[PDB]
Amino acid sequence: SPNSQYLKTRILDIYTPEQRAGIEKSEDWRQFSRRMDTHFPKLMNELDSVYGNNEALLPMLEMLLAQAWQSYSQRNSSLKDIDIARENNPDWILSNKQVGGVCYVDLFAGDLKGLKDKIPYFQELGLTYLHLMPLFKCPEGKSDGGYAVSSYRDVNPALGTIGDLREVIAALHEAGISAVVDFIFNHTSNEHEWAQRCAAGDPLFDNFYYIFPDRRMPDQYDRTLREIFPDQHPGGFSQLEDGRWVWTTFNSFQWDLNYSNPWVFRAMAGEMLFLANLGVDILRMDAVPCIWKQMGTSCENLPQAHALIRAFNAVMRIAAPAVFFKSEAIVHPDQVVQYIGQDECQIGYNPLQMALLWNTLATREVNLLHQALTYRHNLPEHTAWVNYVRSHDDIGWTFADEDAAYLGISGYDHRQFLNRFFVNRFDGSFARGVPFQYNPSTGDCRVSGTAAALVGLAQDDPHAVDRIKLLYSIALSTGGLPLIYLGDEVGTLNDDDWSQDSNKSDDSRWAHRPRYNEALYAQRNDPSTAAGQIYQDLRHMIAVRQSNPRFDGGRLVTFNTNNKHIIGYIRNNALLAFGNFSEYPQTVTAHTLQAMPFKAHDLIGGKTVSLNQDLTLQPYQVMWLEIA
């Protein structure tokens, strides 16, 4: 294997001797050179573990490093300052100062210029982080809401231009907001140039995707493949018009990229550098589990998939140190946590906490949540969860069957109940959700619907507003970077138009993808409306989280409340949080509270609380008690 020093001399070979001497003394070069020395051994090792003695590895690698140099040389100085800042501040992601939001540009604000106009509102709300949903060119009509990319460079013209995007990013930065975008690196749309050319047999795009002559290997693979959109097609494969079969983990119009081809890595790394130089702070690594395939396995979470991501990480450490990764792994909790690492994805979605928030509202019993917060919350240094309540996607019940078994819960039966409950097919349910991808062969089903629809706000359940506050309180205080699905903060309901729209009707996720509700946002400063109650409560919790250092970091220790309905945990040995998941008053006893200080201030209600006597929480009440 070649070394950093050797490879740097060859990067410099593009320059004439005179030009070369100038480059070698430049500040950009010395920074690049230093970072090469620190981070290149990781890159080489990770790529070696995947590609081994592959003839194309060394030529690919030199090509990639030449690009890395050109990209960093072109990188704006403002971004270079952030590179240095985060390089020396790895835990910026763990600060209680951070509160994130997510929205679709078109649904929330029409276009990119419109989103820019909404930035003062994001400041009002206190956001330091904004995820904008897929922005780039996609086929018309069905495109998995932008997740089938036809071009990584051309902005969706209904959103605006690449120029509008730069303005947006610069304005976010000016407002002290990090820009967060999707890195859709597992698959492209079938109308992407690479896809067309690969299928047409253009030798330049040989082995860019997984194309088979017939069903022989697909049938073999499908033996161990989990079905993601079983409504759309069975197994992992779709048929071309010429009779061949292609790997399509998601929709038929999403073709999986072939990472067993090193040229695919290089291609996507080039795309990553492009996004980096737009000033993107965090890349959402879409569908991380799927980037490696192997016969007889689930083709998810394979070691090579982890290595490739660690290789991408090293490319950023070299050529755009500011750029951090957010892992999307909606999988078994044992698998979820493995993507999270300083050298892998510094942050990642926390589906376990999210799913269990909803579970607990349904069952009124904190057992599963308590278990998760006890044994699966704490993370390695310099990493953090992204804690969320809702997202653009359905809710999956991705808790561990093995964990549930310890509690005498059958995962299968439990998911049956949760699915019935949240789609309003269980007696007395407050939830108004919609099924998503019910799979007759497995009994699996997921749930669509907005946070407000799922807590009972559509029918004016008098408990709805408090339920929203409770769920968000937990995402805001457990430790990690909290993410608000924008619209939730004013109690936005389902889009009921989705089901009769032929572009959307086979995808119930559109139920929870409504447009900016003008009427609700106009009500946000009125405490007699649901919109205003929700907004005020959330804004207060955000204000508390950001100003109070007791929320800092990602670590917690759970507190045994001795009440099956009340969750308890401690932050920094100074903040004691209680959340009542029962719709009735629930008590933490004086006996349970003996070790606590006599009095403690509650940050939620703003009152002093007596802890040397029984503590009764009202239905869905949250308390944030300063115990030190």
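From 1 onward, residues are counted along the sequence shown.
**Student:** Looking at the entry, does 425-433 or 369-377 show the higher mean C-alpha B-factor?
**Tutor:** Mean CA B-factor is higher for 425-433.
**Student:** Comparing 479-487 with 441-449, where is the mean C-alpha B-factor higher?
**Tutor:** Per the PDB record, 441-449.
**Student:** In this PDB entry, which of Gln196, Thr383, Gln98, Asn186 has the top CA B-factor?
**Tutor:** Max CA B-factor in the entry, restricted to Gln196, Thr383, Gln98, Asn186: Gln196.
**Student:** From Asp334, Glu241, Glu344, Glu300, can you pick the one with the highest C-alpha B factor in the entry?
**Tutor:** Answer, based on the entry's C-alpha B-factors: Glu241.
**Student:** What third of its chain's C-alpha B-factors does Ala600 belong to: lowest, middle or highest?
**Tutor:** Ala600: CA B-factor falls in the highest third of its chain.
**Student:** Against its chain's modelled residues, does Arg35's Cα B factor rank lowest, middle or highest third?
**Tutor:** Its C-alpha B-factor belongs to the middle third of this chain's values.
**Student:** Hey, what third does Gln74 fall into on Cα B-factor, ranked over its chain?
**Tutor:** According to the entry, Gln74 has a C-alpha B-factor in the chain's highest third.
**Student:** Is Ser26 in the lowest, middle or highest third of its chain when residues are ranked by C-alpha B-factor?
**Tutor:** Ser26: CA B-factor falls in the highest third of its chain.
**Student:** Among the modelled residues of its chain, does the C-alpha B-factor of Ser150 lie in the lowest, middle or highest third?
**Tutor:** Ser150: CA B-factor falls in the highest third of its chain.
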